[PDB]
Amino acid sequence: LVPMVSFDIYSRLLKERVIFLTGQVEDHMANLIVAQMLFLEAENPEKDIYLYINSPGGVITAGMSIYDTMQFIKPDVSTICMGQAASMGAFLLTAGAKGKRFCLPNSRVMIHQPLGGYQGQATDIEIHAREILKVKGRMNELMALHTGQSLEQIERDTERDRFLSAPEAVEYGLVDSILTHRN
Amino acid sequence: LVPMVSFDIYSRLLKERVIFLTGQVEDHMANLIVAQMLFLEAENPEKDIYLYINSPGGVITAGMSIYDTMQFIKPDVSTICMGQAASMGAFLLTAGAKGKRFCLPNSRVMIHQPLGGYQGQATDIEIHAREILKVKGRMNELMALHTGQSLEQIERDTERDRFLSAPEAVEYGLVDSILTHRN
Amino acid sequence: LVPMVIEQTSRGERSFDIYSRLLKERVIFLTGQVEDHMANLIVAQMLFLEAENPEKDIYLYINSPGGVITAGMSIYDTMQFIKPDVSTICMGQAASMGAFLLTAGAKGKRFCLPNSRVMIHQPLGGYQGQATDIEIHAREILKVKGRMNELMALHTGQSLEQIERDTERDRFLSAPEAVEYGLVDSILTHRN
Amino acid sequence: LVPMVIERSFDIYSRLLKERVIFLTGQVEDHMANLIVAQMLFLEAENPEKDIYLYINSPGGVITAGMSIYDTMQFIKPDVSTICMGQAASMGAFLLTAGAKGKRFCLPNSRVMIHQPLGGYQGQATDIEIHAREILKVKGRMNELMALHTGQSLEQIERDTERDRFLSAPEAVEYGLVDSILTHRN
Amino acid sequence: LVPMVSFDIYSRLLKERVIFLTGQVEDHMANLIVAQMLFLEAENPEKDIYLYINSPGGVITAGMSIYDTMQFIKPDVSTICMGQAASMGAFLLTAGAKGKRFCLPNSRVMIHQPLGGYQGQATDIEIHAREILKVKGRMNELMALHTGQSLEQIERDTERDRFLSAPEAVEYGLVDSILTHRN
Amino acid sequence: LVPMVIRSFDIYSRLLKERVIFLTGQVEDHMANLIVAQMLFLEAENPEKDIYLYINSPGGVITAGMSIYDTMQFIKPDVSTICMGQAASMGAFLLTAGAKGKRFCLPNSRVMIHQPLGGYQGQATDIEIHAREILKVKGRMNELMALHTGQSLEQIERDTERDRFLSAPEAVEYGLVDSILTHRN
Amino acid sequence: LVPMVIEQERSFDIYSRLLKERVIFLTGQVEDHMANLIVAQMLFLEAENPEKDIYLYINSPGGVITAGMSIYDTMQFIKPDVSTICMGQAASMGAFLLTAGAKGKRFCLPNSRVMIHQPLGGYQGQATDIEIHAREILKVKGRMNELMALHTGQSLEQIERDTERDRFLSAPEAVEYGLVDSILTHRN
Amino acid sequence: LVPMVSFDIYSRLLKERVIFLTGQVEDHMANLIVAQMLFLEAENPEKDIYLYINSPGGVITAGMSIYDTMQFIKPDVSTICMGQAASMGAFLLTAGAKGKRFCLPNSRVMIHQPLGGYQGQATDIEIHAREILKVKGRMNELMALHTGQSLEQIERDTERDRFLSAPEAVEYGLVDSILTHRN
Amino acid sequence: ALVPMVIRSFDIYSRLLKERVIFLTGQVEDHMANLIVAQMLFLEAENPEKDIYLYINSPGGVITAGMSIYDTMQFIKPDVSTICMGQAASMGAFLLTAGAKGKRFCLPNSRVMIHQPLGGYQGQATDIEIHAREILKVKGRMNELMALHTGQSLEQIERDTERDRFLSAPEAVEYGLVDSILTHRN
Ligand SMILES: *C[C@](*)(O)[C@H](Cc1ccc(O)cc1)NC(=O)[C@H](CC(C)C)NC(=O)OCc1ccccc1
Ligand SMILES: *C[C@](*)(O)[C@H](Cc1ccc(O)cc1)NC(=O)[C@H](CC(C)C)NC(=O)OCc1ccccc1
Ligand SMILES: *C[C@](*)(O)[C@H](Cc1ccc(O)cc1)NC(=O)[C@H](CC(C)C)NC(=O)OCc1ccccc1
Ligand SMILES: *C[C@](*)(O)[C@H](Cc1ccc(O)cc1)NC(=O)[C@H](CC(C)C)NC(=O)OCc1ccccc1
Ligand SMILES: *C[C@](*)(O)[C@H](Cc1ccc(O)cc1)NC(=O)[C@H](CC(C)C)NC(=O)OCc1ccccc1
Ligand SMILES: *C[C@](*)(O)[C@H](Cc1ccc(O)cc1)NC(=O)[C@H](CC(C)C)NC(=O)OCc1ccccc1
Ligand SMILES: *C[C@](*)(O)[C@H](Cc1ccc(O)cc1)NC(=O)[C@H](CC(C)C)NC(=O)OCc1ccccc1
Ligand SMILES: *C[C@](*)(O)[C@H](Cc1ccc(O)cc1)NC(=O)[C@H](CC(C)C)NC(=O)OCc1ccccc1
Ligand SMILES: *C[C@](*)(O)[C@H](Cc1ccc(O)cc1)NC(=O)[C@H](CC(C)C)NC(=O)OCc1ccccc1
């Protein structure tokens, strides 16, 4: 039940260089966002891309596919949180082009450390636990980079779930400003 | 089946600036409505959009994606309740352009406070409880803003489910008037 | 099948299951998850032994991964309420509700076996419902968390802030570490 | 159904308990371990001087449940002589080797298997670290005790348990896991 | 459920040194048979024990607990096959004291190699395959000893399921004679 | 569920002093073992005196049934069989396996006979092995049915290719039982 | 849980104890194992005293024909008269075993209800096997009708016609039909 | 679900000689990648193809249909890891044309030996075990070839899961360089 | 589901069909076999003189569904060239070797496996014997046709298929199952 304009409603919006990231982040939905990004860049390598984010979080490697695409392509990707951007969603929100990251007024942001799960031999448990610790550190480094917070601050603040209103997300350095009304 | 007109029935009405919000509010259906609003705003920034609402409620952050787009876009969003607008549905109904919020004569309205659920360590239970109580407070502030009721009245009236007929909804400030017959 | 035992009784021999037999040694086992019914059985055994002789010690062996707090507290309050000292002995593990009842034994009379392990942590819970009810239930679990820290602090001799700090996440303790922490008084190695 | 004996009535297992024989059969877990522990304590109360015979046929099980048995075998006064029939794998091999020195037996066609701990956790990275560190400590303690009972160096036990290792009964003797093969009743 | 003087039909027959092995061979039912053997040996080490076998097969290690107890205890264990002895059942049947192994006239025997199944890394697969092949060889050697067949013949005859009538089982050396009428 | 009489005995235990044994329901290893044990018990108590096996069964597993069949022949006492309700397939086979002159239907029982049913899954080499075996079994059971009924081998096989139902008088005419019990003498 | 009872000493459960007054209960769906328990109690009570009547209380929704016939033939074969008493209901196999009692000794409790009907069955298979199995259930149907006619005193034609669909009878109607002899009301 | 440029987003990028391998490697998804490669070769046999890889691994034989196609066709296949390339994903990454294998900066690579499982008669277990061992050695030989590491180093390093950062994957020889920003 | 579009429009498979290329992927069953048969019949109609390329990546499948493809391959006028990528096992290996003589290929890292039929039946002994006779007839016919295409004797095919038999691509050339290894496009 998706409406049409020959373009479906999202194809139409893709014409105004708008991409939607909605729901849990996972490989296949992430692949769709990456293809839209490479396409938009192909269409006009200089003009901004708008990425709307309404997401409860998701899988780290899937989110890192979108993150590296965002940094790799020529156009600035301007991120706009609507609804919520939690964990992986907060991370991609803050990864937008400096000065071009926005929360809508009543959107809410949440941040936290990695969660994972493994089963098997103690030797293998060691290998996998070291990996998720490595991953937690890189994520914190990147989050510190984009927010302007120190690495130590990000580590403390993400030990447990932390929720932030749109003004709190601005103050934290997570986004640059609230978008309220179309200028 | 969705009938054809070359549009499907909904695409055809989208041409009249008409959008339908039907069913449980959740991220993807919510994103469809946001895309339709953004599409219509692009087609004509000054012409009103009509949002028909028939909903038993739904997810708060999903609903707030719709709310913020309603307030962000240039066109006024006129809201029309058919069937029911309950909880998140009622919130988005009252969020329409002042003077352009309608109930159909036998539609019914229901308002209530958030419901949620979390499992985990006491420390985490406290973090999540804080967040749902904060959201409850903010949603009340916005309900008061739109209906014209005092914050305190709203709090009182939402502790448990409260049902309103179309005439009672007009009286409460939830809607501006009743549409009985077209002109 | 629980093995049984036959024993002279001056009114004839009668049969005792293995656990009934050990009750005559004044021994009670707490094994597995703590939950109302298994907890009630232990309460009942404690009350029985006190009636048999209010002045002789009881031995409570604990091998438990944890369990329900109110069920645990039915055992805790009974251990304090009855006249005899309840000596506690950890075998296998005593985790969470199990560590709590272990440390709750009569002072000087709480023991770990040498290769037992102890784990402590804060409460875990979960509610669903209206925000007003969520607050009510969150407030209750936070009340319980504090009361349980106060009692752990009491029994171990650590400060409340130390117990609070140490139980935010799961913490494991070897037998020597549990002695060093104040959780038990000593290690039992070879039958005294 | 458990056979009864008429004399005044024992099930087969209770009858053999009176001859100081306990059976550890199947996966090791808290409740069946509690039953073995209880039987050991009973036998000690009956006579702290006479040996106990613990027959072991087990594919392994839960480490803490196994350690309740291990520590009881060491704590009680009587020697616990262990006899492997069918198999003793992982926690079953550990309990077999933990028997009184000189009094650990394999039956001729029994087999033994040793390996390191297996586990699984789900949660925050912080919690994953806490749990991994604890499984690694357990792995080390279990290796130290295996070395002690077998006569192998800690290094050799660690190397030989990275992956499953099977031993015939003569191999379990050569390894120091048991003292001798029991073939026929003397 | 069993005929009762707690004291069932099986316990009365135990009084006459008769033990039944019925159904799939598995640790717990095997421990019961072991316990009955040791009991009977303690009662009288000189008198024969009678083991009726009606079994489709089962777990090798469970079976070996019985086998080794049969060899270890002082009394001779006489085996009698009723209905069938397949695989682990045929193995325990032939393991009875030579001269005291019997088929009833219309019982059937079946012999085969081990079946197994593992999942894991190729290194682990290699370890578990090596072990099942070791077990296959040891079991073939013991079958050869008990039947009087060569190792080569047992190997060739067990690569696939091989069925034997009671007279065929006498000819193969798996039992000593047919039991038809009590004298 | 099981009533008892009083030293205490359950109802079936009680009837066991009457030298009466019940075979009820699907024939399978464990219920068949209980019947075997009762037969062996009764022989030991008195090897001269007849045993009465009441049979009401829809059939069952062949090997389980053959444990009973061979025990019936092996023990010293005659086993007299009495069909109540029905004796179908393995039930009919054990009915006709009773001592000659001592096999009975009650007037409204019915007997049904049929060939073996089975099923295998595997490589074609294994399918052939198993199919050979079920056919060997089918033949051996027809040879035993012929022995007990007095019909020829080829005839029993013909009449059992499909399910065949018999009234009590028809079961007598076929040679499956000797007589019909109507009113206790 | 079945209540215990101590007879001045052995413990009988409620049912064991009422067996000493020669009372057996048939309750629920008639099936092989429950029906064997009834057969064994009948054989027990005959062995105790072959002259003395047995009382069989029936409260049953119906059940398997062959299992019912195990009980029917035992009722007829044993020396004692089996008196039947319906409480609650006796439907189909229950109604048949109720009317199978000793003539003059078959009763309904007043608010008993009886129902009668023809066999129901089902099969799946090749057409050849379908015909075999259809012919067998048609034979069983006829034989059950012949027996019902014998016990009720109704003609075989009446029985056949009345059992083509479920037919319900009050206890008064069951007396009038010949299904039971009389209504039992108070203890005399 | 798939944005409609007439063309879907993937068909559109196919025009740019871009193919996505996303998720578990399995016969049908692999056949789709094969078909795209064959098509791009038929379109221009001398121009590179770009294969974006975000995969947790998969079935070996499916992976090898891709591998052999990559080698067989006339164009070079440049591989680009986004998110992760694990096991079969890492193998296909490393099998890209020399000089043309890339990791995005926060992509992660993991290598390990085969996993398999089988159930059946010991004779059959022996056959299937021999086959997985053959496959393991063959895969090591090919990894050694593509990375420049010795066969013994590869064997040692893949007995258990080995994780590599993007710079570590460059050091290891799995890829040639890190891509960061579009030239 | 996702199949890329090429340009009036074509799906990726449709485009490759223009090159006379057909894919047989996964388990052989009636409906996927029917699609392959239809594609062959179409390509014959387009040009009865030009070769057809069948790529095979399959773990095996249903014999009668396989024979619908096999007989199509022999019936049609064009030579059908077969190319194994990934694996061709059992029914896959059979269709691979059924290709036109000299035009059967393995890619270098593909693997082949061959085995006798597997089946299963439940019913009366009379019926078991009918169905057992049928699967044995099928087994012999499939061995005859494998011997024909490989050039091996029928007794060789019978012996070698009694259990799963795996072959590397060079082994599959030595066996006569394919004619050569395709490595780089000419
Ligand atoms: C919860 C949130 O969505 C995080 C993403 C995240 C963003 C930013 C920072 O700094 C850390 C994390 N998502 C996850 O933790 C997912 C959780 C769900 C249940 C899929 N976890 C995940 O992808 O596992 C990562 C992992 C890495 C290495 C080893 C094992 C697991
Ligand atoms: C029930 C109605 O749909 C409400 C939305 C609402 C509107 C206006 C006001 O004042 C309050 C609430 N919906 C919910 O409460 C949903 C019910 C779920 C979908 C069953 N709850 C929800 O979105 O949870 C929000 C939340 C959870 C945890 C922490 C913070 C917020
Ligand atoms: C995990 C351990 O067993 C704890 C017991 C405990 C001991 C000592 C201290 O200081 C704190 C806790 N058990 C629990 O937390 C249980 C785990 C459940 C059974 C999964 N949780 C529990 O009993 O909930 C209590 C509760 C819930 C809601 C509101 C109030 C109390
Ligand atoms: C597999 C075998 O039974 C081992 C026991 C063992 C014996 C001897 C040595 O040296 C090491 C281990 N059992 C386990 O590993 C169990 C297997 C489960 C039941 C599948 N694992 C277990 O008890 O988990 C241990 C654990 C310890 C600390 C933290 C988490 C889990
Ligand atoms: C089919 C038969 O019951 C065999 C027992 C047997 C007897 C005599 C000889 O020579 C060989 C075998 N039982 C098994 O093969 C069991 C079948 C299971 C219960 C389905 N298999 C078994 O116990 O596997 C043991 C094993 C697996 C992997 C590695 C080593 C041992
Ligand atoms: C249907 C009836 O109960 C038969 C028993 C029978 C009695 C007399 C004659 O002459 C033949 C058969 N029972 C079976 O056929 C069972 C039915 C099963 C329980 C569904 N079948 C059976 O035991 O198969 C045994 C078998 C299978 C494969 C190979 C050999 C034997
Ligand atoms: C419904 C009532 O209980 C009848 C018993 C009955 C009594 C008196 C007369 O005259 C006819 C029937 N019970 C049945 O019909 C059972 C029904 C249930 C579902 C078991 N049916 C039954 O036993 O199968 C009948 C049958 C006979 C021969 C062949 C196949 C099936
Ligand atoms: C874990 C990773 O995805 C491997 C692929 C691999 C790549 C490179 C090297 O050097 C080794 C392996 N995938 C597998 O192991 C799959 C895992 C399954 C899908 C869970 N295993 C597989 O395809 O089966 C292996 C096998 C080969 C031959 C015979 C039987 C089984
Ligand atoms: C395992 C392989 O895929 C074989 C195909 C085969 C090819 C070549 C030769 O010489 C023999 C076999 N496939 C089968 O055996 C299928 C496997 C099923 C789908 C699991 N079996 C099959 O089609 O059964 C055929 C059959 C059954 C009963 C009677 C006649 C034929």
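Heavy atoms only: backbone and side chains are in, while hydrogens, waters and symmetry mates are out. Throughout, a chain's letter reflects where its sequence line sits, starting with A, and its residues are numbered from 1.
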Under 3.5 Å, which donor-acceptor pairs link side chains of residues 59-67 of chain B to any protein atom two or more places apart or in another chain?
| residue | atom | partner | partner atom | Å |
| --- | --- | --- | --- | --- |
| B:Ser65 | OG | B:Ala62 | O | 2.7 |
| B:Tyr67 | OH | B:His146 | NE2 | 2.7 |

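- By the ring-ring contact (aromatic ring centres under 6.0 Å, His included) test, A:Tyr172 pairs with no residue at all, sequence neighbours left out.
- Partners of B:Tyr10 according to the ring-ring contact (aromatic ring centres under 6.0 Å, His included) rule, which considers only residues two or more places apart in sequence or in another chain, are B:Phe20.
- With sequence neighbours excluded, no residue forms a ring-ring contact (aromatic ring centres under 6.0 Å, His included) with H:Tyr50.
- Counting only residues at least two apart or in different chains, salt bridge (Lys or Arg N to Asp or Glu O under 4.0 Å) contacts with residues 56-74 of chain A are absent.
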Residue pair H:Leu1, A:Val2: steps toward the side-chain contact (heavy atoms from CB on, under 4.5 Å) verdict: CA-CA 9 Å; H:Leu1 289 175; A:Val2 175; over 6 Å; no
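- With sequence neighbours excluded, no residue forms a salt bridge (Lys or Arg N to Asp or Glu O under 4.0 Å) with H:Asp8.
- The salt bridge (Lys or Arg N to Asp or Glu O under 4.0 Å) pairs that include a residue from residues 87-108 of chain A are A:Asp48-A:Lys100, A:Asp76-A:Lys100, A:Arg101-A:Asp176, A:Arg108-B:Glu131, where partners are two or more places apart or lie in different chains.
- For A:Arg12, the salt bridge (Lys or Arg N to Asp or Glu O under 4.0 Å) criterion is met by A:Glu16, B:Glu43, not counting sequence neighbours.
- Sequence neighbours left out, the pairs with a member in residues 132-146 of chain A that pass salt bridge (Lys or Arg N to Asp or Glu O under 4.0 Å) are A:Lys136-A:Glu159.
- With sequence neighbours excluded, no residue forms a salt bridge (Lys or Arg N to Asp or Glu O under 4.0 Å) with A:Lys47.
- Partners of A:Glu155 under the salt bridge (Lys or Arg N to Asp or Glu O under 4.0 Å) rule, at least two apart in sequence or in another chain, do not exist in this structure.
- The salt bridge (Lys or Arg N to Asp or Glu O under 4.0 Å) pairs that include a residue from residues 20-34 of chain B number zero, where partners must be two or more places apart or lie in different chains.
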